[PDB]
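Here are the chains, one letter per residue:
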Amino acid sequence: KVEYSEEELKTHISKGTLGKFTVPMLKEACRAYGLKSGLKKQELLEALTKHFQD
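Residues numbered from 1 in each chain as written, not as in the entry; some residues may be left out. Heavy atoms only, no water.

By the naming in the PDB entry, the chain goes by THYROID AUTOANTIGEN and is assigned to Homo sapiens.

And the structure:
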């Protein structure tokens, strides 16, 4: 489903492909995570990573 539930995200965070998708797609994961996200792109990754990486 790759709906960005967390599994794909976790996997993405691991290797580092989570930063491939565009911003419109990144916002999706953020919406599911409940983060703040950023009006740019990579900013989304950070929000995601932070939610799955110390």
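From this point, the discussion proceeds with the structure in view.
*Asks:* Help me out: how do you make sense of helix α3 (residues 42-50) in this one?
*Replies:* Helical periodicity: at 3.6 residues per turn, an α-helix aligns residues three or four positions apart in one direction. Buried within α3 we find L44, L45, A47 and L48. The buried residues of α3 all sit within an arc of 160° when viewed along its axis, so they share a single face. Every exposed residue of α3 that faces more than 90 degrees away from the buried side is listed here: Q42 and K50. Contacts from the buried residues of α3 go to α1 (7-15) and α2 (23-33). (Buried < 20%, exposed > 50% of the residue type's maximum accessible area, 1.4 Å probe, protein only. Helix = DSSP H or I, 4+ residues; strand = E, 2+ residues; numbered from the N terminus. Arc of directions from axis to C-beta. Contact = heavy atoms within 4.5 Å.)

*Asks:* Explain the side chain of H12 to me, please; I cannot follow it from the model alone.
*Replies:* Positionally, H12 belongs in helix α1. By relative accessible area, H12 is classed as buried at 8%. When neighbours within four sequence positions are excluded, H12 is seen to be in contact with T17, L18 and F21.

*Asks:* How do you make sense of the packing of α2 against α3 when you look at a structure like this?
*Replies:* Each pair of packed helices gets described by two things: the angle between the helix axes and the distance between those axes. Interaxial distance between α2 and α3 falls to 9 Å at its minimum, and their mutual angle equals 25°. As far as their axial angle goes, α3 and α2 are roughly parallel. The interaxial crossing formed by α2 with α3 has left-handed handedness. Between α2, through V23, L26, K27, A29, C30 and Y33, and α3, the contact on the second element is made entirely by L44, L45, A47 and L48. Counted by class, the contact of α2 with α3 contains 9 nonpolar, no polar and 1 charged residues. (Axes fitted to C-alpha atoms, helices over the stretch in contact; angles between N-to-C directions. Parallel < 35°, antiparallel > 145°, perpendicular 65-115°, else oblique. Left-handed = near helix turned anticlockwise from the far one by under 90°. Nonpolar A, V, L, I, M, F, W, Y, C, P; charged D, E, K, R; others polar.)

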